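Undergrad: Please find one structure pasted underneath; my questions will follow.
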Amino acid sequence: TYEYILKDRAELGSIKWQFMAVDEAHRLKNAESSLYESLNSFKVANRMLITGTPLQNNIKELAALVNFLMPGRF
DNA sequence: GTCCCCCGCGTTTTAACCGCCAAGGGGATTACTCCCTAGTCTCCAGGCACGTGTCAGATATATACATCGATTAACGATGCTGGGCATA
């Protein structure tokens, strides 16, 4: 659950992970999120978001999604 | 010396907090002009100090009137008392 991520950010951060799944990943809408840089610490190799979030409402999220999957790329 | 209103403690119930994102009111900046102020001059009449003045109150004050308080001179009636007059 999304609660539990943040309540125990630390223990998962240490153990290695290389594959990520998330449900209804329109959460990462703003680039100022708490789970937005919470997820970045979890040593990871590949990610996988899966939601139908429309990506023209704001250009922020369109960019946020691109920045989050690939840190660096417009 | 008595009684019952707080503390400690287990469990049940609400809402504080954190995270996230949105949206617009209102505060912050800037530019221009124009009213309102300090600064400066002259003047006096406003203001300060004081002598002069008749009117509120307050205090007797000479003069007069009314009412007794008390005293003294005067008047009505004696009471033994003293100084003499008719009878045992």
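Naming works like this for the structure tokens: A, B, ... for the chains as they're shown, residue 1 at the start of each chain, ligands 1 onward in shown order.
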Applying 9 Å and only C-alpha atoms (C1' of nucleotides), which residues near residue 5 of chain A remain after dropping the ones on its own chain fewer than 5 positions away? List them as a PyMOL selection string.
TA: chain A and resi 10+12+35+38-39
Undergrad: Using only N, CA and C atoms, please write the residues we just selected to a file, as a PDB file, in the first residue's frame.
TA:
ATOM      1  N   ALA A  10      12.853   3.308   4.652  1.00  0.00           N
ATOM      2  CA  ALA A  10      14.227   2.942   4.886  1.00  0.00           C
ATOM      3  C   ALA A  10      14.559   1.477   4.551  1.00  0.00           C
ATOM      4  N   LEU A  12      13.215  -1.026   2.707  1.00  0.00           N
ATOM      5  CA  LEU A  12      13.221  -1.297   1.282  1.00  0.00           C
ATOM      6  C   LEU A  12      14.372  -0.608   0.529  1.00  0.00           C
ATOM      7  N   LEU A  35       6.718  10.781  -2.267  1.00  0.00           N
ATOM      8  CA  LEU A  35       6.825   9.519  -2.866  1.00  0.00           C
ATOM      9  C   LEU A  35       7.500   9.708  -4.224  1.00  0.00           C
ATOM     10  N   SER A  38      10.889   9.584  -2.867  1.00  0.00           N
ATOM     11  CA  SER A  38      10.889   8.414  -2.007  1.00  0.00           C
ATOM     12  C   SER A  38      11.243   7.144  -2.815  1.00  0.00           C
ATOM     13  N   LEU A  39      10.639   7.031  -4.014  1.00  0.00           N
ATOM     14  CA  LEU A  39      10.857   5.951  -4.933  1.00  0.00           C
ATOM     15  C   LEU A  39      12.257   5.986  -5.519  1.00  0.00           C
TER      16      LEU A  39
END
Undergrad: Taking 5 positions as the minimum chain separation for residues in the same chain, which residues sit within 9 Å of residue 64 of chain A when counting only C-alpha atoms (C1' of nucleotides)? Answer as a PyMOL selection string.
TA: chain A and resi 28-31+59+69
Undergrad: Output the selection as a PDB file, in the first residue's frame - N, CA, C and O atoms for each residue.
TA:
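Result file is out_1.pdb:
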ATOM      1  N   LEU A  28       2.295  10.445  -9.269  1.00  0.00           N
ATOM      2  CA  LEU A  28       3.451  11.332  -9.579  1.00  0.00           C
ATOM      3  C   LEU A  28       3.002  12.420 -10.560  1.00  0.00           C
ATOM      4  O   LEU A  28       3.522  12.446 -11.693  1.00  0.00           O
ATOM      5  N   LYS A  29       2.072  13.281 -10.131  1.00  0.00           N
ATOM      6  CA  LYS A  29       1.558  14.383 -10.992  1.00  0.00           C
ATOM      7  C   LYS A  29       2.503  15.586 -10.892  1.00  0.00           C
ATOM      8  O   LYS A  29       2.883  16.127 -11.949  1.00  0.00           O
ATOM      9  N   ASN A  30       2.859  15.980  -9.666  1.00  0.00           N
ATOM     10  CA  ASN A  30       3.772  17.133  -9.437  1.00  0.00           C
ATOM     11  C   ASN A  30       5.195  16.610  -9.211  1.00  0.00           C
ATOM     12  O   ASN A  30       5.336  15.433  -8.827  1.00  0.00           O
ATOM     13  N   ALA A  31       6.201  17.458  -9.445  1.00  0.00           N
ATOM     14  CA  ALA A  31       7.609  17.063  -9.263  1.00  0.00           C
ATOM     15  C   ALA A  31       8.093  17.597  -7.905  1.00  0.00           C
ATOM     16  O   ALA A  31       9.204  18.024  -7.730  1.00  0.00           O
ATOM     17  N   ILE A  59       1.634  20.487 -18.547  1.00  0.00           N
ATOM     18  CA  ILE A  59       2.774  19.856 -19.165  1.00  0.00           C
ATOM     19  C   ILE A  59       3.731  19.284 -18.088  1.00  0.00           C
ATOM     20  O   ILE A  59       4.530  18.346 -18.349  1.00  0.00           O
ATOM     21  N   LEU A  69      10.722   8.203 -14.899  1.00  0.00           N
ATOM     22  CA  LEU A  69      11.177   7.001 -15.570  1.00  0.00           C
ATOM     23  C   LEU A  69      12.623   7.173 -16.029  1.00  0.00           C
ATOM     24  O   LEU A  69      13.446   6.262 -15.893  1.00  0.00           O
TER      25      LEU A  69
END
Undergrad: For chain B, report every residue with an atom at most 10 Å from chain A (counting only C-alpha atoms (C1' of nucleotides)), formatted as a ChimeraX atom specification.
TA: /B:18-21
Undergrad: Go ahead and save the picked residues with N, CA, C and O atoms (P, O5', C5', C4', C3', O3' and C1' of nucleotides), as a PDB file, in the first residue's frame.
TA:
ATOM      1  P    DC B  18       3.025  17.295  10.574  1.00  0.00           P
ATOM      2  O5'  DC B  18       2.920  16.475   9.212  1.00  0.00           O
ATOM      3  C5'  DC B  18       3.238  15.073   9.178  1.00  0.00           C
ATOM      4  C4'  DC B  18       3.188  14.552   7.760  1.00  0.00           C
ATOM      5  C3'  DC B  18       3.871  15.435   6.711  1.00  0.00           C
ATOM      6  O3'  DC B  18       4.614  14.590   5.831  1.00  0.00           O
ATOM      7  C1'  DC B  18       1.654  14.984   6.052  1.00  0.00           C
ATOM      8  P    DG B  19       5.688  15.229   4.832  1.00  0.00           P
ATOM      9  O5'  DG B  19       5.365  14.500   3.454  1.00  0.00           O
ATOM     10  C5'  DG B  19       4.510  13.344   3.427  1.00  0.00           C
ATOM     11  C4'  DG B  19       3.570  13.413   2.246  1.00  0.00           C
ATOM     12  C3'  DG B  19       4.064  14.266   1.072  1.00  0.00           C
ATOM     13  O3'  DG B  19       4.281  13.399  -0.044  1.00  0.00           O
ATOM     14  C1'  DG B  19       1.747  14.652   1.549  1.00  0.00           C
ATOM     15  P    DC B  20       4.868  13.991  -1.409  1.00  0.00           P
ATOM     16  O5'  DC B  20       3.582  14.610  -2.115  1.00  0.00           O
ATOM     17  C5'  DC B  20       2.788  13.821  -3.023  1.00  0.00           C
ATOM     18  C4'  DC B  20       1.630  14.636  -3.551  1.00  0.00           C
ATOM     19  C3'  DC B  20       2.022  15.797  -4.459  1.00  0.00           C
ATOM     20  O3'  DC B  20       2.041  15.354  -5.818  1.00  0.00           O
ATOM     21  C1'  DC B  20       0.238  16.393  -2.928  1.00  0.00           C
ATOM     22  P    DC B  21       2.346  16.395  -6.993  1.00  0.00           P
ATOM     23  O5'  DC B  21       0.988  17.221  -7.097  1.00  0.00           O
ATOM     24  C5'  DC B  21      -0.252  16.559  -7.409  1.00  0.00           C
ATOM     25  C4'  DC B  21      -1.394  17.548  -7.392  1.00  0.00           C
ATOM     26  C3'  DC B  21      -1.207  18.764  -8.300  1.00  0.00           C
ATOM     27  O3'  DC B  21      -2.458  19.114  -8.901  1.00  0.00           O
ATOM     28  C1'  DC B  21      -1.532  19.488  -6.080  1.00  0.00           C
TER      29       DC B  21
END
Undergrad: How far is it from atom CA of residue 52 of chain A to atom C1' of residue 23 of chain B, in Å with one decimal?
TA: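 Atom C1' of residue 23 of chain B lies at a distance of 25.0 Å from atom CA of residue 52 of chain A.
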Undergrad: Would you please give, as a list in words, all residues of segment 19-57 of chain A that DSSP assigns to strand (DSSP E) based on the backbone?
TA: residues 22, 23, 49 and 50 of chain A
Undergrad: Using Å and a single decimal, report how far atom CA of residue 37 of chain A sits from atom CA of residue 23 of chain A.
TA: 17.4 Å
